[PDB]
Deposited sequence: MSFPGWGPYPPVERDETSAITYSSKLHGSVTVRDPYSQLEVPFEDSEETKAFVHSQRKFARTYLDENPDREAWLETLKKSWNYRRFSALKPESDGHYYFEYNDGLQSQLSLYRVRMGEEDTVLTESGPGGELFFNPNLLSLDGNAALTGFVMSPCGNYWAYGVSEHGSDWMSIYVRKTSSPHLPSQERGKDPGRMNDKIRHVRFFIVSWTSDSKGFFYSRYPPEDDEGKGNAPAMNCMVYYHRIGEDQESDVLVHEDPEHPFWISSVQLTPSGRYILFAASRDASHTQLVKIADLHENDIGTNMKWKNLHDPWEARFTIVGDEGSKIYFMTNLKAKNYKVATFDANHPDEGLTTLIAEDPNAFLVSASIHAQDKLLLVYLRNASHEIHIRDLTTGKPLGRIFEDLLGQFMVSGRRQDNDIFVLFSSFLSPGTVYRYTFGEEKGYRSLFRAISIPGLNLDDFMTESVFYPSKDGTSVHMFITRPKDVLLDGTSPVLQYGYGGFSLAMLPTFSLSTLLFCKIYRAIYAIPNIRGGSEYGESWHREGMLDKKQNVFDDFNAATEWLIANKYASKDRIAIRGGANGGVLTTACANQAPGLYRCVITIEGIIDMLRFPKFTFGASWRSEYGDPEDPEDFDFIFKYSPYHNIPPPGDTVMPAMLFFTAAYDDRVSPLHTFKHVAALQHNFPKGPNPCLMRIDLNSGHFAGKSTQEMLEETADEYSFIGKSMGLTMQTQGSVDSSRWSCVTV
């Protein structure tokens, strides 16, 4: 039938099956024709053949569309705008800040002497002094800075760097007196120290107060299998990693993930273990003034394991300030007296039953700054650290999200504000006795976009079960709600992750060029309406997430925001569960489905990298009761029979290698959709990357593919 067909051959094992315990059925035998695509790309010629053919296939179709180059050109022109973070004060008396003059692959880190900061981010360029330029590390600029910490003394700088197609990293150290030079040559990291810390999978680095070494988590030496045997080690500056002192290993629970935080004073070390993706921890305190660093430290329980999470907020001698959800699912601030360990935690800021606490931090010595969630947006609240009493709101006039910078010792914070409409304003705030000094420090501006052409509405719609759901709707002020407009509708729905007002230039360009609407339904699974909003979109209520999303699409059609024939949907990772399911359950509703790094096989996820931890969210597919509710929606196992559904056009983004979400999820589902719908009529494509990111070039190329694919699929014309 189709001009673009047939689909590339995809090989089948007609005999591959697994038998699962079922509470309703005793057991269920599930056949997996495409189980051989669980074998990594590097380790199988079949997985290679599949990746290479599906890749060539998607490319010829994406590149046959003139609008693909159109979109690449538009995006390049427009993304060429200056981007910067808030200034970040450090122990070497410098503000450090991230900058991008426009189309550099990675952010560079610049710094400026504290007191000279009003010379930076001018028409002239970033000013200050370049400290670190990631782009210089690799020739292709895919080598990425994954995190960094300055020593207490201000003389050392520990940083993580990923290589391109890998999510592992090494930790390096360089003197703060050894910055990168603008005129260094590509493909190398000059003024670094010998220290190399390999076999790290995440950057959780804590210096001791003496600046002589740092704690880090690492794994055993090196695909696809579950991540096992996370250990905490202490490294001393100057020594080879072979010398690093073991602090923690739990050989019995190899799936657990562990790390350590020091309090600001660097006196108390908090060990936290995670056994799943829930906000619960096994959690110990040691006094570093009372202990050699090693396996023979005097640990004491902060609390019974697996009831709560604990984040250090500050310390006052033997008193430690914690942000915790201990008997507070929406989180609170409580103190712990290491000198009275039996007394447990004392509430300093009570849980708000109608607002999720996002963060707490100490500024101007005794000002507690709280970020809460209300109406799927951030509110900043100031408290007296000592009494806990309210001292008022700051930035009440801004609706969006904040990133706060400033330490307890500074009377100053730098606050990055952003929203669907504001790309980033760095404000400066100075605390006073009763009231503070706010000023606008710097504001990102985009040439070739008039932000005043756009608007964001806040609507409420009922889901299937009658739950009122909040949605943001961003669109050109001058499109008619006459039921003809296309929609790009984006979802996550899980892990207590709130969809905040977020700036995306690409998104606003999509609204302008396609006279389109950008819909963000705050579906259950998120924290937007506190922790119970997550509980009503997980495990056996996971279906509520899909229901909330369908109902959003239906509200937009009913209220004339959108053509019923021009609904595009989009989701990543856990949002890939949402897209694939909604595609299976309501293919009628959707004209285009974009799945990124998608989680799709809800029976097999626990077997791959970090998937085992997702069992707290989806349920345990090897549990007979859980199997039943998981199996009803498992997108990979719920592709509709081909006779009487027309599948929407579908495009799947994935790399060939990926630690976070194993690409076998995409591989198998694509393979299966194509096998089940061999003649289309709308194409199911897999857009592959042969280096897992991410350079700005990769990102605009993906976006060009995405938008060109949506325009084609929904028969939209680009406008000028």
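By the record, the deposited chain contains unmodelled runs at 1-2, 225-229, 701-704, 732-745, with no C-alpha atoms placed there.
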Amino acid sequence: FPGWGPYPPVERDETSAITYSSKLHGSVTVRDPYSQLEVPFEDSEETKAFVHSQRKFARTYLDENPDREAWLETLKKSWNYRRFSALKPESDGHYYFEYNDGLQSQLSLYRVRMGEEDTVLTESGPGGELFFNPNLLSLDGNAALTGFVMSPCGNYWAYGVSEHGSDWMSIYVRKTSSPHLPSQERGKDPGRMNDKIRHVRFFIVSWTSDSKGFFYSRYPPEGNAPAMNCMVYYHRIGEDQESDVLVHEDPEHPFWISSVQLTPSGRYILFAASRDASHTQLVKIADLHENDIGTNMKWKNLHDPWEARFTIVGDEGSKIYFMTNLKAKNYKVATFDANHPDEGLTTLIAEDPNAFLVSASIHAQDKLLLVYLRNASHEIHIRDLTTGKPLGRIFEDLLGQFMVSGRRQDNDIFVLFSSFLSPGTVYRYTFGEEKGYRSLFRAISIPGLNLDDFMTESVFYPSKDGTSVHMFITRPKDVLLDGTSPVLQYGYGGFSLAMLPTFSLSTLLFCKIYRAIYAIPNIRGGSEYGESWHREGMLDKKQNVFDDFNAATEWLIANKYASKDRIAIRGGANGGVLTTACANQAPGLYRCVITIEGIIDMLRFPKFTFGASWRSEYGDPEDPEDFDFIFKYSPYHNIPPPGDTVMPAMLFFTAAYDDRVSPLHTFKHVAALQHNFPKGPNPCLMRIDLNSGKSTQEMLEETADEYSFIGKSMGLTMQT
From here on, numbers count along this sequence of modelled residues.
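Relative to one another, 260-268 and 500-508 have unequal mean CA B-factors, and 260-268 is the one with the higher figure. Of the two segments examined, 178-186 and 452-460, it is 178-186 that shows the higher average Cα temperature factor in the deposited entry. Taking the deposited Cα B-factors for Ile567, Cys582, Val161, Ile594, the highest one is held by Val161.
Reading the B-factor column for the CA atoms of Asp601, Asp101, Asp620, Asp548 in the entry, the top value corresponds to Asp101. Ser21 sits in the middle third of its chain by CA B factor, as recorded in the PDB entry. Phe677: CA B factor in the middle third of modelled residues in this chain (values from the PDB entry). Placement of the Cα temperature factor of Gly344 within the chain: highest third of the modelled residues, per the deposited record. Among the modelled residues of its chain, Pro606 has a C-alpha B-factor that falls in the lowest third, as given in the PDB entry.
Sorting the modelled residues of the chain by their CA temperature factor places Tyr529 in the lowest third.
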